[PDB]
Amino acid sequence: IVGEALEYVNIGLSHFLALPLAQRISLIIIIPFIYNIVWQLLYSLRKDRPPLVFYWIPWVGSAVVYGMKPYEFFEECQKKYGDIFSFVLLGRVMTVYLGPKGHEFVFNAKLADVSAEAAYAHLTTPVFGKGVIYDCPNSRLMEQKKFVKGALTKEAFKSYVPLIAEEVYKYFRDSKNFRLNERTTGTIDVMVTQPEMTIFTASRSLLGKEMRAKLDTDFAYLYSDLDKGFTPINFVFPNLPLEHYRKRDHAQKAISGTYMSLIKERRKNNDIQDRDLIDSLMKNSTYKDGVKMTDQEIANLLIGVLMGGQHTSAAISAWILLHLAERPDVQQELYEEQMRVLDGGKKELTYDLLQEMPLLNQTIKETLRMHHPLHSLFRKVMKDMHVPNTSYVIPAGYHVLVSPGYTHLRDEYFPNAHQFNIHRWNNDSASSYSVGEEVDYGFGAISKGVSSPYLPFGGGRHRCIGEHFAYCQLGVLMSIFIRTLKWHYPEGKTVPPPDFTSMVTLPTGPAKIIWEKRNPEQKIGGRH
């Protein structure tokens, strides 16, 4: 008789359902908890899986320690498990592959194996709009990047430089944070000034004068509203009926409506030049199967592009100011380079002269090493992946995480990695360089290997295309800061630690510096 056991199964299930409610809820908690611990122990027996970081709370996983201190998390995990390990994160299993072989595994993964859009779309599509970036197939994305790269040529940068410079000078002249014609010293929060300087400079050069003019009005607040939908909370809860979710949606419609108004206006008057990225996309937005981008998709793409440059660049110029505030030796060395390359300030800044300022560009390069703004990049695994030279298979449904910014801070590859030293890039001041062979995924030839330990712009098919614009924007900005101001910390303040909980690895605020005019009597012209 084992039927008698089957009877007591049914009886036991019957008594379960009749349990007092305090015992039921108590069982609703402890049973997943116990089963979770039981499941991790069994999982650790598989030799075709990377080790899984142990965790107590089901579903939540290591979310708290990963979210607050991801590089300390990766360091402890690397010590216990080596370079490949998994961890549970708010319902998803993330497989991390640290170091240059990790860069190869994730950035050069076959298009069939992994998907960036399946990882990112739920966050970006409500902010940018439909049909662009991650709300479309990869081949569309490749061509959208090709279209945008067409306003990111050397000739475009040659004309952007005086525009960016003018925006910087107007901001020194007009912003409450400076007012250089009335004040010779002052205190600023770089997390206030740098997001504003970034949007002004990128709008004026990428979007044009009209969109720049609209930033002088209350329209400028729509970018802040749009910004607030770009939070890690939208990573797990992409649609909650709360108020900031609808200010995001409203801002996306109002901003893209403004871009579309300008677009349809320029087509109506045949006023399509080579001024800005709007002109460029109006003349160059037809895919290779004949389909043209709609005016809505062009506007959504312009949002994406500005947004992709907004927080990365603002973060980096904040960190450059913060590192230089305790390094008056570096400020003095950069000042001397400015005086030699620009003939005591007599020469006007041009894109070509920016290329003759190695120490300035090394400063950007070194800030991008220490403060990579995206600590983790993600893909969702679409087919089972064997990791080379191991027995591991990463099953479809997992995510892979790569973190070049973690490698940037490893002493093995950058001696004394937590020291800020622009001279470690002596003789190698280029934003990056294909160290050999190349490959074209649709938006131009880029490095084929991605094993460099230094990868601030990623690699492979999802590689950044804003790198030269970022260097051009940061280079003009810092050139002018250095020629105009010295700055330092208030007594007892130093370089703040990064805040890893936001989209980018921002300084913990308020990160304040004190500035003073190098030439207290110098006046910025124009009208205000």
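Just count from 1 along the sequence shown to find any residue number.
- Just going by the entry, 157-165 versus 79-87 on mean CA temperature factor gives the higher value to 79-87.
- Remark: stretch with higher mean C-alpha B factor among 174-182 and 368-376 is 174-182.
- Within the group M478, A470, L45, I465, the record's highest C-alpha temperature factor is found at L45.
- Per the PDB entry, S391 shows the highest C-alpha temperature factor of the residues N108, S391, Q252, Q419.
- Per the deposited record, the Cα B-factor of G208 falls in the lowest third when ranked against the other modelled residues of its chain.
- Ranked within its chain, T258 lands in the lowest third, by CA B factor from the PDB record.
- Per the deposited record, the Cα B-factor of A118 falls in the middle third when ranked against the other modelled residues of its chain.
- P496: CA B factor lies in the middle third for its chain, per the PDB record.
- The PDB entry assigns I514 a C-alpha temperature factor belonging to the lowest third of its chain's modelled residues.
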